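Single chain ahead, written as structure tokens, the form solved without the DNA.
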């Protein structure tokens, strides 16, 4: 699944949790959850973990002490800072990785994001002029900062990476200019399919059987069912939002509504909820069908 959110000066505070949302995550306790990616990042000498100060300079176009982008033509509130390409795993893949466990699933997801980012670079464009005419140029380079989180805002298992594409690309003349985002935005389905294809291949290498849905071109873990996942999500929402049954009297409804923080405690709730629905996360590795191959 891929969602694209444009980050502007107006909504920049929406990224405030890019680091803190990972605070108590299992697979980044002693390991990186961020990375620099893209040929543009290489050009800037950026690799490995994303240092927040450098992220913030590039967010506003400060490439170096002597190179400062100017991109806002008009209302500075509308200046685009970058594009959050949020890649989320299928829910059952998330449940497997975050309730049962296997760091290989996290690595598969990050390989799939990196493959989609490499493909996104082919869509990078910038504007320039020739003979006084505005023209478009294919630049083949992006600057991307990735942030991996394990949970949704509702504290569901929800493995996802925010692949933050900076609003910059390096032109042929060597100048850094705003990204002309048209081709990026209109290839959301292609980039999401690249992620899905690479995730499915990496999970197959690790011996997980996948079930395929042809109508939606999606897949999930084969050893528990869509109905089981949907029931898990329903029960999760009951607990998260404190939903109560209806009461025949105001007094009973009031009392039921009134009645209804460690990751370890949250994990136990996940595990207990899945057990009660008959989910068995102990899959028969390297057994079963290959439904997603050649899809």
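Note that the rigid core is defined as the largest set of C-alphas that superpose within 1.5 Å between two forms. Positions refer to the first chain, counted from 1.
Although it is not shown, the form solved in complex with the DNA is what the next lines describe.
With the DNA left out of view, the stretch that reaches within 4.5 Å of it through heavy atoms in the entry with it bound is, among 248 to 256, 48 to 56, 266 to 274, 35 to 43, 248 to 256. Taken together, 160, 196 and 218 are fully in contact with the DNA in the entry with it bound: each brings a heavy atom within 4.5 Å. Site annotation in the entry with it bound: the residue of 119, 182, 107, 172 reaching within 4.5 Å of the DNA with a heavy atom is 182. Residue contact with the DNA in the entry with it bound: residue 80 places a heavy atom within 4.5 Å of it. Looking at residue 189, you'd find a heavy atom of it within 4.5 angstroms of the DNA in the entry with it bound.
Taking the partner from elsewhere, residue 100 is found to have every heavy atom lying beyond 4.5 Å of the DNA in the entry with it bound.
Among heavy atoms of residue 228, none comes within 4.5 Å of the DNA in the entry with it bound. Only one entry in 42, 49, 254, 57 has its C-alpha moved by 2 angstroms or more between the shown form and the other one when the rigid core is superposed, and that entry is 254.
Core-superposed comparison between the shown form and the other one: the Cα of residue 104 travels less than 2 Å. Once the rigid core is overlaid between the shown form and the other one, residue 225 counts among the residues whose Cα shifts by 2 Å or more. After superposing the rigid core, the Cα of residue 68 is displaced by less than 2 Å between the shown form and the other one.
Figure legend: C-alpha atoms of residue 149 and residue 241, shown here, are separated by at least 3 angstroms more in the entry with it bound. Relative to this conformation, a decrease of 3 Å or more in the Cα-Cα distance between residue 239 and residue 218 is found in the entry with it bound.
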